[PDB]
Structure formats: structure tokens, C-alpha cells
Amino acid sequence: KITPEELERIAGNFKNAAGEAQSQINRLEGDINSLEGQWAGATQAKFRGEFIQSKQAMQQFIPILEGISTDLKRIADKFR
Amino acid sequence: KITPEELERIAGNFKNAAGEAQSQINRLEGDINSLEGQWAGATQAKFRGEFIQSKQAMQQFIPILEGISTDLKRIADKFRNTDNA
């Protein structure tokens, strides 16, 4: 019942979901980077909360992505 | 106590984790695409297990990735809102 054509469409949907995650990481890292020279005084206090949020999100999501990539790697490796 | 420098290192590790996932889906999709020309003449039953497994893997992770991307978007949006206030 499953055809490679169906799997192709699904793979594109995955590429898009992963790409959207990449986009938001890049956006967040850009925001963080924009503060590099400015982390002092009122700026520190202003963005402290966002920094706490960012650490907690990124640190927790790294291993989820690693599990995903490892799973796909194994599937691709064994794909006959 | 969190600094932009600490966050940058974490962010790079996260970019890499996401990039690696993109790399592996590209590998798998290349494998899938390469099967299309021979599909009509294949013993298709021999592919069923790996097709079911790969379909499950790809589909199941989509809402998880969407949850992650939405979560990050919300933080980036707050950044924008805070900065604009």
C-alpha cells in the first residue's frame, strides 16, 4: 500500500518541519547575538527573562533533535 | 548569570543538532527517490517493513518538531515585543 511516492511526500513534510525549527533557532541566535556588545545595565535586566527561557528551551531540545537524527541515520543506513 | 556568550555556545550546538536531522532526512529521502524508477518491477513485499518503519519515523516526529519550532517562535516573539516596548 505504501509507495515510494507517498514516502517522498512525507519526507518533504519532515524537511519542512525540521527547516522551520532551524529557522527559529537562527532567529533566536540572531537576537542573542545582537546583544553581544550590549550585555550591561538596563539591557541585562530587560532581557534576563528571555535568556532564562532560551537556555531552558535550547538545552532541552538539543537531545530531542539528536535522538531524531540518530533514528533517521539508522533507518537510512539499513534502507535496502 | 546567563550571558550572551553561554547562550551562543548552546545555540550553535542546537543549530548543529537540527542540521544533522536535516542531513539524515535528506539521506533517507534520496534513498526513497532512488527506488521510484524500479518500483513497478520490484518484489514490493520485501520493502514493506522498512516502508512502514520509515513512514512512522517521519510522520511521528513532525508534530514534535512543530512543537519545538512554535516554542522557539514564542521566545523570539517575546524578544521582539520586549525590545519594542
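So residue A:80 passes all but one of these: (1) charged (D, E, K, R); (2) over 26 Å from residue B:23 (Cβ atoms); (3) not in a helix (DSSP H, G or I). Which condition number does it fail?
(2)
When you scan region B:26-85, how many residues do you find that are closer than 30 Å to residue A:26 by Cβ and not basic (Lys, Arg)?
34
Could you tell me how many of the residues in region B:42-85 are more than 9 Å from chain A (Cβ to nearest Cβ) and either acidic (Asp, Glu) or under 21 Å from residue A:6 (Cα atoms) (or both)?
The initial filter retains those residues of region B:42-85 that are more than 9 Å from chain A (Cβ to nearest Cβ), namely B:42-43, B:45, B:49, B:56, B:60, B:67, B:77, B:81, B:84.
Going one step further and asking which of them are either acidic (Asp, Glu) or under 21 Å from residue A:6 (Cα atoms) (or both), we end up with B:42-43, B:45, B:49, B:56, B:60, B:77.
Residues in region B:42-85 being more than 9 Å from chain A (Cβ to nearest Cβ) and either acidic (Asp, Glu) or under 21 Å from residue A:6 (Cα atoms) (or both): 7 in total.
Residue by residue through region B:9-41, note down the ones that are at the interface with chain A (Cβ under 7 Å from one of its Cβ atoms), more than 21 Å from the chain's Cα centre (by Cα) and surrounded by fewer than 15 Cβ atoms within 10 Å (Cβ to Cβ).
B:36, B:39
Can you find even one residue in region B:50-71 that is aromatic (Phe, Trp, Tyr) and surrounded by 14 or more Cβ atoms within 10 Å (Cβ to Cβ)?
yes
Going through region B:40-64 one residue at a time, which ones are among the aliphatic types (A, V, I, L, M) and without any contact (Cβ under 8 Å) to a residue 24 or more places away in the chain?
B:40, B:42, B:45, B:52, B:57, B:62, B:64 - these are the residues of region B:40-64 that are among the aliphatic types (A, V, I, L, M) and without any contact (Cβ under 8 Å) to a residue 24 or more places away in the chain.
Filter region A:33-57 down to the residues that are assigned to a helix (DSSP H, G or I) and touching a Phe, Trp or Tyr at 6+ places or on another chain (Cβ under 8 Å) and list them by number.
Selection gives A:47, A:50.
Every residue, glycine as well, gets a Cβ built from its backbone with ideal geometry; the counts of neighbours run over all protein chains shown. Just so you know, all these numbers are worked out from the coordinates, no wet-lab data involved.
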